[PDB]
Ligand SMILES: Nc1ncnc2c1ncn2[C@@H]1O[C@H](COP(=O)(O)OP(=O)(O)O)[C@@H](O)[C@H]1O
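Quick setup: one chain, the form deposited without ligand ADP, written in structure tokens, and binding and motion questions come after.
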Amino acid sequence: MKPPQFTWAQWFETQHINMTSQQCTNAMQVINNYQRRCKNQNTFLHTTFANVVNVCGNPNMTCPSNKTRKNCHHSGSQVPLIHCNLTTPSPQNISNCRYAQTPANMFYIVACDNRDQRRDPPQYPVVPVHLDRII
């Protein structure tokens, strides 16, 4: 579930790469204001989009979240990350949603696909499209 102006890769970047504040309540405003709902949980990876693209080059493996998909890739190394958990739902005023933040250093598994032909930049033929799991 993403706003229509973003490709899957651009939405992946918005949700998981471009944390706009180190504090979850503030950073989550971006995701929530775009998807018109307070997301119950979300992981921000302190890594770069280029680094994730390179993870897409690691061997294909089964996606933990969907046993039938084989477009997943393991990060190889751990990264610092911040996991945000909703503490104070507010469906009629999403700016009032508050979150806890949990820091960790973990591996991740990402699903990757070929880029959106019309809208993703040709620089990256293969892009991350979903954060499948953190381990």
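So that there is no doubt, residue numbering starts at 1 and follows the sequence shown.
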Exercise. May I ask you to compare 74-82 and 45-53 by their mean CA B factor in the entry and name the higher one?
Key: 74-82
Exercise. Between 93-101 and 56-64, name whichever shows the higher mean Cα B factor according to the PDB entry.
Key: 93-101
Practice problem: Name the residue from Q117, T25, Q15, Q22 with the greatest C-alpha temperature factor listed in the entry. | Solution: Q117
Quiz prompt | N32, C-alpha B-factor rank within chain (lowest, middle or highest third) | solution = lowest
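Not pictured, yet referred to below: the form solved in complex with ligand ADP.
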Quiz item: Taking the pose of ligand ADP in the deposited complex and superimposing the site C-alphas, would you call this form open or blocked (blocked if 3 or more ligand atoms are within 2.4 Å of a backbone or C-beta atom)?
Solution: open
Quiz prompt | in the deposited complex, the one of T47, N71, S75, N32 near ligand ADP [non-hydrogen atom within 4.5 angstroms] | solution = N71
Quiz item: Quick one: in the deposited complex, does every one of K39, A111 and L131 get a heavy atom within 4.5 Å of ligand ADP?
Solution: yes
Exercise. Please run the contact check for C63 against ligand ADP in the deposited complex: heavy atoms, 4.5 angstroms, yes or no?
Key: yes
